[PDB]
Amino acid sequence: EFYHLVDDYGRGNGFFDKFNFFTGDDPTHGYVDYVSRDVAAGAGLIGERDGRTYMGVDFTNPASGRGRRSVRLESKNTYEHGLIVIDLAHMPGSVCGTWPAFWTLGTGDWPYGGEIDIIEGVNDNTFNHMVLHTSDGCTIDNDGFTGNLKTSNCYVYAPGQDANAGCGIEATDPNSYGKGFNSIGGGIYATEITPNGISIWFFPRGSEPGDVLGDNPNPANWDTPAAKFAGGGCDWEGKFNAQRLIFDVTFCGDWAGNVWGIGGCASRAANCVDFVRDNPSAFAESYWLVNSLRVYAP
């Protein structure tokens, strides 16, 4: 009894019933128009596809107003310590101008409750980024994971790191994100939060352990995590509080929009906004397809 199930999200409407739909202007300043559940359902942005829960974006109409239509779901329930396991058949692709993310956010004013980016990236990225964003006074050790450490200071305004880079670790598997991830039918991302740290495992389709989807997973016997955040350089218990789960896909903005001109999407249009507004068909691959989402507690 290392871990026991405390919250199974099910699928379809039962799944959406466990989330609040965020409709405010995008905090990351993207060219996105977050819509309500009713509007999303009416636009085909959410639903069920052969038993899997679907969440995508508008890939039909030229954009206007705040931006291209999408959804941002934040869980009603919160968890302080536990294991979050998501099994995906598909995630938003490596589409130019997009910025998808499956993550967790603490309670209170950001970043004081902590933030965990489990699946995140922008534009035509190949590798997934796993990152923590915290208040000042939190750095991680460089060992215990298979990914490549990019930044060690989790403080959102860490000196010497781009603003809000946080402490990030990049996966080494090309199938850990977008295009590659979808070509193999997805996989599973398991995230463990304890008073001693946070760990994130990525199991590409077919390589998951026998208990990962069961009622009593035991991360202790799993292969090395893709990312591990720990060490005496952080008060792990105090830096993170009750976390809510979030699904979203924004466009351009602080990250995707800012790096548009230096990457491979630069040739698609002079600016990210122009591309996102005038090329609806380009975003057909920008959707999540969830097999299951289950949360466990020690």
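All residue numbers refer to positions in the sequence shown, first residue = 1.
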Mean Cα B-factor check, 106-114 vs 90-98, entry values; winner is 106-114
Mean Cα B-factor comparison, 67-75 or 194-202, giving the higher one as deposited | 194-202
With respect to the C-alpha temperature factors reported in the PDB entry, which of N125, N182, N148, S176 ranks highest?
-> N148
Among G261, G51, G30, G56, where is the Cα temperature factor highest, going by the PDB entry?
-> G261
Please rank the C-alpha B-factors of the chain's modelled residues and tell me whether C234 sits in the lowest, middle or highest third.
-> highest
Modelled-residue ranking by C-alpha temperature factor, third containing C167 = middle
Among modelled residues of the same chain, the CA temperature factor third for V212 | highest
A40 by Cα B-factor - lowest, middle or highest third of the modelled chain = lowest
How does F240 rank on Cα B-factor within its chain, lowest, middle or highest third?
-> highest
